[PDB]
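Chemist: Protein chains in written order, with PDB author numbering: chain A, 2 to 274; chain B, 1 to 99; chain C, 1 to 9.
Below you'll find the structure I mean.
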Amino acid sequence: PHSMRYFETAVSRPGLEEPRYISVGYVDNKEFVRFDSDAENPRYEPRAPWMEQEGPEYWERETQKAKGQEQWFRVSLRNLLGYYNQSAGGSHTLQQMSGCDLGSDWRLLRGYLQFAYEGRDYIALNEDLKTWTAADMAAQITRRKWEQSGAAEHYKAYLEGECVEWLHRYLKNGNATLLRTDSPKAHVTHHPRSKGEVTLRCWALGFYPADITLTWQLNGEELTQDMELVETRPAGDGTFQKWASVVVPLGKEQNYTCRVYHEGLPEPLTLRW
Amino acid sequence: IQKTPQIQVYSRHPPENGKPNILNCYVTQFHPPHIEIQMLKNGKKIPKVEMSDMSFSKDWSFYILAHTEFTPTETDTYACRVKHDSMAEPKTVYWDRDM
Amino acid sequence: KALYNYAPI
Numbered sequence: 002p003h004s005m006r007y008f009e010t011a012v013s014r015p016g017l018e019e020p021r022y023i024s025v026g027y028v029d030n031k032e033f034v035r036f037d038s039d040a041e042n043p044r045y046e047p048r049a050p051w052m053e054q055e056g057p058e059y060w061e062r063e064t065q066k067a068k069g070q071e072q073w074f075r076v077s078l079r080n081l082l083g084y085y086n087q088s089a090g091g092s093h094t095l096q097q098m099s100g101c102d103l104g105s106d107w108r109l110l111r112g113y114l115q116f117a118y119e120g121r122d123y124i125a126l127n128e129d130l131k132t133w134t135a136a137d138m139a140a141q142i143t144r145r146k147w148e149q150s151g152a153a154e155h156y157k158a159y160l161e162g163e164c165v166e167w168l169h170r171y172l173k174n175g176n177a178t179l180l181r182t183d184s185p186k187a188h189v190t191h192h193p194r195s196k197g198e199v200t201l202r203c204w205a206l207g208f209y210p211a212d213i214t215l216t217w218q219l220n221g222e223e224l225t226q227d228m229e230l231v232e233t234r235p236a237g238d239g240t241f242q243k244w245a246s247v248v249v250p251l252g253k254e255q256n257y258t259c260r261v262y263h264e265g266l267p268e269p270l271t272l273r274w
Numbered sequence: 001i002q003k004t005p006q007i008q009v010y011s012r013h014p015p016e017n018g019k020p021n022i023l024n025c026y027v028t029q030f031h032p033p034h035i036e037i038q039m040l041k042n043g044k045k046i047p048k049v050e051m052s053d054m055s056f057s058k059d060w061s062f063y064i065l066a067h068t069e070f071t072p073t074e075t076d077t078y079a080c081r082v083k084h085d086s087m088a089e090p091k092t093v094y095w096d097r098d099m
Numbered sequence: 001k002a003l004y005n006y007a008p009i
């Protein structure tokens, strides 16, 4: 299973002159290129070691694509002010997500192309890559305009062609870096507490990718309501961390078991205190 | 029109008094993307704090990871203070080593 | 490979 994404953003701010445009590319959810208009010599920069294979002709072209998108966002931002009857002197955001999903047969599984204004969904290309979805009354002007121009055919071509073909190319070029999954190393810690109770905190550390599930069991059935957890969080080194806890009678603690479900594991982990 | 940031403060490795580590302040789920993140030692701003680049999640919201070198002790408190338009006041959250 | 957009919003 594989994917590519470009996550594009432009933000305007009161008083300033031109919006700031940032684009970020991801292969299999890991960052691999970046462009940022604030930089001294704005360019698409490599963002993993495996991308340094790519020659000068590659960066030059990608860089001109970015400058083009910058101009596209500029104008779009301007039109949006108009559509929403927003005056001057505020801050606005326009974001885009696009890319493609491949199954393990390396064939195109799904295409994505969606837009948000002020962090709210504005318009998106449906799964069929032929029809558009736009909720806001203000978005209808765009959707009619786009329906009558064959915008969807343009995007369809990209998503079915270059997206796929170039993801293919990238995947071959970085086999040793992007085929890894680090398994979690788990453990349970003991925190004494009020009223003859204790907190059992189940840790999972050094794992990649980030998706993971931790469940507590009272000798069999799970405990959904009484549980406490944290949002999965980066360690800073490329791996991730997460815990989940439940409150338990002192002494009567061994009939609680913690289960860790991660990808990259031979089978779910099972731990107690 | 704004989403209010969620914060977690935690170390990279298991904490151990006297042994060097890294302290993360992981700020997520916010909008708009302009934000001020400070990391504090005993109330004072920590001078050299690293800041990952502006990224956004598939729900459209922005996240940032801020980190700094630190050597925890039994007695020194560390904290992360976030300032953002969704909040009338800045939010401080203190580092708990058991979390 | 970066996408390039069609018509502005």
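Where a beta carbon is used, it is the ideal one built from N, C-alpha and C, also for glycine.
Determine whether the beta carbon atoms of A/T94 and A/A117 lie at a separation below 9 Å.
Modeler: The sequence position of residue 94 of chain A within the first sequence is 93, counting from 1. The sequence position of residue 117 of chain A within the first sequence is 116, counting from 1. Yes, the Cβ-Cβ distance between A/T94 and A/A117 is below 9 Å.
Chemist: Provide the residue(s) that pair with A/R35 in DSSP beta bridges, ordered along the chain.
Modeler: For the purposes of this step, residue 35 of chain A is taken as residue 34 along the first sequence, with counting starting at 1. According to DSSP, A/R35 bridges with A/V25, A/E46.
Chemist: Let me check understanding here. Comparing Cα to Cα, which of A/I124, A/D106, A/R75 lies closest to A/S99?
Modeler: Mapped onto the first sequence, residue 99 of chain A falls at position 98. Out of A/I124, A/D106, A/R75, A/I124 has the C-alpha closest to the C-alpha of A/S99.
Chemist: Quick one: give me the first and last residue of the alpha helix (DSSP H) that B/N24 is part of.
Modeler: For this step, residue 24 of chain B is matched to residue 24 along the second sequence. Run containing B/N24: none in the alpha helix (DSSP H); it sits in the beta strand (DSSP E), 21 to 30.
Chemist: Along chain C, in chain order, which residues have C-beta atoms closer than 9 Å to that of A/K253?
Modeler: In the first sequence, counting from the first residue as 1, residue 253 of chain A sits at position 252. Within 9 Å of the CB of A/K253, no CB atom of chain C is found; the nearest one sits about 58 Å away.
Chemist: Along the segment 45 to 61 of chain B, what residues have a CB closer than 8 Å to any CB found in chain A?
Modeler: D53, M54, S55, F56, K58, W60, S61
Chemist: Can you list, in chain order, the stretches of the alpha helix (DSSP H) that have 4 or more residues and sit fully within the segment 135 to 170 of chain A?
Modeler: 141 to 148, 152 to 161
Chemist: From the DSSP output, read off the bridge partner residues of B/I7.
Modeler: In the second sequence, residue 7 of chain B corresponds to position 7, counting from 1. For B/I7, which the question treats as bridged, DSSP gives the partners B/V27.
Chemist: Give me the DSSP bridge partner(s) of C/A7.
Modeler: Within the third sequence, the letter at position 7 stands for residue 7 of chain C. DSSP output for C/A7 lists no bridge partner at all.
Chemist: Flag this pair as yes or no: are the beta carbons of B/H34 and B/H84 separated by less than 9 Å?
Modeler: Within the second sequence, the letter at position 34 stands for residue 34 of chain B. Within the second sequence, the letter at position 84 stands for residue 84 of chain B. Their beta carbons are under 9 Å apart, which means B/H34 touches B/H84 by this criterion.
Chemist: Determine, using beta carbons only, whether A/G237 comes closer than 9 Å to chain B.
Modeler: Translated into positions along the first sequence, residue 237 of chain A becomes position 236. Contacts with chain B at 9 Å (Cβ-Cβ) include A/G237.
Chemist: Could you tell me the distance, in whole angstroms, from the CA atom of A/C259 to the CA atom of A/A139?
Modeler: For the purposes of this step, residue 259 of chain A is taken as residue 258 along the first sequence, with counting starting at 1. For the purposes of this step, residue 139 of chain A is taken as residue 138 along the first sequence, with counting starting at 1. So the two alpha carbons sit approximately 50 Å from each other.
Chemist: Tell me B/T92's beta-bridge partners as DSSP assigns them.
Modeler: Here residue 92 of chain B refers to the residue found at position 92 of the second sequence. For B/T92, which the question treats as bridged, DSSP gives the partners B/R81.
Chemist: For A/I213 versus A/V249, is the C-beta distance shorter than 9 Å?
Modeler: Start at 1 with the first residue of the first sequence, and residue 213 of chain A comes out as number 212. Start at 1 with the first residue of the first sequence, and residue 249 of chain A comes out as number 248. Taking 9 Å as the cut-off, the Cβ atoms of A/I213 and A/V249 do not count as close.
Chemist: Helix, strand or coil for A/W217? Go by DSSP, reduced to three states.
Modeler: The count along the first sequence starts at 1 and reaches residue 217 of chain A at position 216. Here A/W217 sits in strand by DSSP.
Chemist: Per DSSP, A/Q96 forms a beta bridge with which residues?
Modeler: Counting from 1 along the first sequence, the entry for residue 96 of chain A is found at position 95. BP columns for A/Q96 point to A/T10, A/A117.
Chemist: For A/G252, count the other beta carbons within 10 Å of its own beta carbon; 16 or more makes it buried, fewer makes it exposed. Which is it?
Modeler: Within the first sequence, residue 252 of chain A is the residue found at index 251, counting from 1. Counting Cβ neighbours within 10 Å, A/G252 comes out exposed, since fewer than 16 surround it.
Chemist: Using DSSP's beta-bridge definition, name the partner residues of A/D102.
Modeler: To locate residue 102 of chain A, count along the first sequence from 1; it is residue 101. DSSP lists A/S4, A/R111 as partners of A/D102.
Chemist: What in chain B is Cβ-close to A/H192, meaning under 7 Å?
Modeler: Translated into the one-based positions of the first sequence, residue 192 of chain A becomes position 191. What A/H192 touches in chain B: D98.
Chemist: Based on the DSSP secondary-structure assignment, which residues constitute the bridge partners of A/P250?
Modeler: Residue mapping note: residue 250 of chain A aligns to position 249 of the first sequence, counting from 1. Beta-bridge partners assigned by DSSP to A/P250: A/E198.
Chemist: Can you pull the chain A neighbours of B/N24, defined as C-beta to C-beta under 8 Å?
Modeler: Working through the second sequence from its first residue, we reach residue 24 of chain B at position 24. Per Cβ cutoff of 8 Å: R234, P235, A236, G237.
Chemist: If you follow the alpha helix (DSSP H) that A/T64 is in, where does it begin and where does it stop?
Modeler: Position 63 of the first sequence, counted from the start, is the residue given in the question as residue 64 of chain A. Per DSSP, A/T64 belongs to the alpha helix (DSSP H) from 57 to 84.
Chemist: Identify every residue that forms a DSSP beta bridge with A/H191.
Modeler: As a position in the first sequence, residue 191 of chain A is number 190, starting the count at 1. A/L201.
Chemist: Looking only at its chain, what residues have a beta carbon closer than 8 Å to the beta carbon of B/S61, apart from the 5 residues adjacent to it on each side?
Modeler: Position 61 of the second sequence, counted from the start, is the residue given in the question as residue 61 of chain B. Within the same chain, B/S61 has close Cβ partners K3, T28, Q29, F30, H31.
Chemist: With burial defined as no fewer than 16 other Cβ atoms inside 10 Å of the residue's Cβ, what is the status of B/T77: buried or exposed?
Modeler: The residue you call residue 77 of chain B lines up with position 77 of the second sequence. That one is exposed.
Chemist: Helix, strand or coil: which one does DSSP assign to A/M228?
Modeler: Within the first sequence, the letter at position 227 stands for residue 228 of chain A. Correct three-state label for A/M228: coil.
Chemist: Helix or strand or just coil, what does DSSP make of C/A2?
Modeler: As a first step, residue 2 of chain C is located in the third sequence; it is residue number 2 there, counting from the start. Three-state DSSP puts C/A2 in coil, outside helix and strand.
Chemist: Kindly indicate which residue of A/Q97, A/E19, A/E128 has the alpha-carbon position closest to the one of A/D122.
Modeler: As a position in the first sequence, residue 122 of chain A is number 121, starting the count at 1. Relative to A/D122, the option among A/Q97, A/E19, A/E128 whose CA is nearest is A/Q97.
Chemist: Listed from N- to C-terminal order along the chain, which residues in the segment 93 to 126 of chain A have their beta-carbon within a distance smaller than 8 Å of any beta-carbon of chain B?
Modeler: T94, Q96, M98, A117, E119, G120, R121, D122
Chemist: Please state if the CB of A/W133 and the CB of C/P8 are separated by a distance shorter than 9 Å.
Modeler: Within the third sequence, the letter at position 8 stands for residue 8 of chain C. Within the first sequence, the letter at position 132 stands for residue 133 of chain A. By the CB criterion at 9 Å, C/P8 and A/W133 fall outside the cutoff.
Chemist: Check whether the segment 87 to 95 of chain B touches the segment 148 to 158 of chain A, counting contact only when three or more Cβ pairs, one atom from each stretch, lie closer than 8 Å.
Modeler: Contact between the segment 87 to 95 of chain B and the segment 148 to 158 of chain A is not established, with fewer than three Cβ pairs separated by less than 8 Å.
Chemist: Nearest chain B C-beta to A/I213 closer than 9 Å, yes or no?
Modeler: The residue you call residue 213 of chain A lines up with position 212 of the first sequence. By this cut-off, A/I213 is not an interface position.
Chemist: Which residue marks the beginning of the beta strand (DSSP E) containing B/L40, and which one marks its end?
Modeler: Mapped onto the second sequence, residue 40 of chain B falls at position 40. Its beta strand (DSSP E) spans residues 36 to 41.
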